[PDB]
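So this first bit is one chain, no partners, the form deposited in one PDB entry, shown in structure tokens.
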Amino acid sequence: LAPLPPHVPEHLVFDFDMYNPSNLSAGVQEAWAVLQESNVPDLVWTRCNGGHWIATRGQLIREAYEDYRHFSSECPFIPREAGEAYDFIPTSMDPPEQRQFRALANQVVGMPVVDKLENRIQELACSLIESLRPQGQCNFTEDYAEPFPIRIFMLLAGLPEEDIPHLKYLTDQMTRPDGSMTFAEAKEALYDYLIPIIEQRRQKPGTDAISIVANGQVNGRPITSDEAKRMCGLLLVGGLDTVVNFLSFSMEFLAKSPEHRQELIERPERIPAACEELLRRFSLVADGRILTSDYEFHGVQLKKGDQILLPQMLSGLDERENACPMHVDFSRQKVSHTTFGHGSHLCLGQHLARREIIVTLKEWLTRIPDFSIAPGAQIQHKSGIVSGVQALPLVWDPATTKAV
């Protein structure tokens, strides 16, 4: 618990630990939602993890993400040391500069690329699902959620599938720290893999995402090797943990809700809507900004340098945005959320993400419509910048499945 800064008033103090929420065992989303109980301010300060603000309501969260002038992405993560060392592009960049890098990044992961990827996504999901189907069980997170996104990224960046385990080892030690490496060290190791590949793609460019980024033009001039590297770092990890963990939260829910599974089994056309409502209910991201100058925000005095956590996850869980937010209703009429962010940094991979989600849900229910959490298994959730599921043991009667 860091010393309380003089400018922060005692009545706004709420010591929430974003890395180890008090009631995590009851569900990570449930753990964060405590920040939304009637007796909690819209904006509080926690002395945990170095000390920082936390917008607790969709309104303030959306507003801060819109006001990039006061809320910079220069240092987007908590703790401060992680945010300061983080230099990915364009996530650690504020507009107007960020504008064109985002446009270049969009060429390789935006809507265009998606349609061309469908067949590979479709094929990968089925292939993975078919290998499990006859087994009658699996650790969904390990056997499907983990290898799905990386494989998609490899095809996207035109990298050898042989490097998957190595790349997975690199990203894993960065996003799932065990305490052996500082964030910076993990980043360098990851970069050490990318540096040479970019050098090669710059001299002899192909049609892969990496060749496009590395030879792109930004703000009236050629992108530097260093910048290309900083963009590829993000294009790599951006679609990993978020997709892996979200898919897990989804499957855990469906495994525990036979009623909801049947709904989608009988009404397959409702899967797209089910995906949006799940994206809201099981939102899992939470990064933030740093004050560029002293600023009064909704009656609260913020000082230059203050870090503010703007939980993407919380907007959609806000009762004020969605009636009885914790209830999953595939028939919800105005599903509002900021699961993919908000403002100038709104997720460029959102369309790819939705396809990965929808294809997974469609292809899985088609082959394994009836499954459950392994009896006696207590699902453990993890909290952080990208909350998730430690493991998802699943079981099912192979006789109720079918190869397609």
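Quick note: we count residues from 1 along the sequence shown, nothing fancier. C-alpha atoms forming the largest set that superposes within 1.5 Å between two forms make up the rigid core.
Judged by mean Cα B factor in the deposited record, 113 to 121 ranks above the other of 113 to 121 and 293 to 301. Across the two stretches, 369 to 377 and 49 to 57, the PDB entry reports the greater mean Cα temperature factor for 369 to 377. Across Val218, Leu128, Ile78, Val237, the entry's maximum B-factor at the CA atom is seen for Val218.
Across the options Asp306, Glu252, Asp143, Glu188, the residue with the most elevated CA B-factor in the record is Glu188. Residue-level temperature factors show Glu63 in the lowest third of its chain, judged at the C-alpha atom. Split the chain's modelled residues into thirds by C-alpha temperature factor. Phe148 is in the middle one. Ranked against the other modelled residues of its chain, the C-alpha B-factor of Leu394 as given in the entry falls in the lowest third.
Among the modelled residues of its chain, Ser25 has a C-alpha B-factor that falls in the highest third, as given in the PDB entry. Per the deposited record, the Cα B-factor of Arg280 falls in the lowest third when ranked against the other modelled residues of its chain.
Although it is not shown, the form deposited in another entry is what the next lines describe.
After superposition on the rigid core, the C-alpha displacement between the shown form and the other one reaches 2 Å or more for just one residue among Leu159, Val113, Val328, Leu132, namely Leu159. Put the two forms on the same core and the Cα of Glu74 is off by less than 2 Å between the shown form and the other one. Once both forms are fitted on their core, the CA shift for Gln312 between the shown form and the other one remains under 2 Å.
Once the rigid core is overlaid between the shown form and the other one, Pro177 counts among the residues whose Cα shifts by 2 Å or more.
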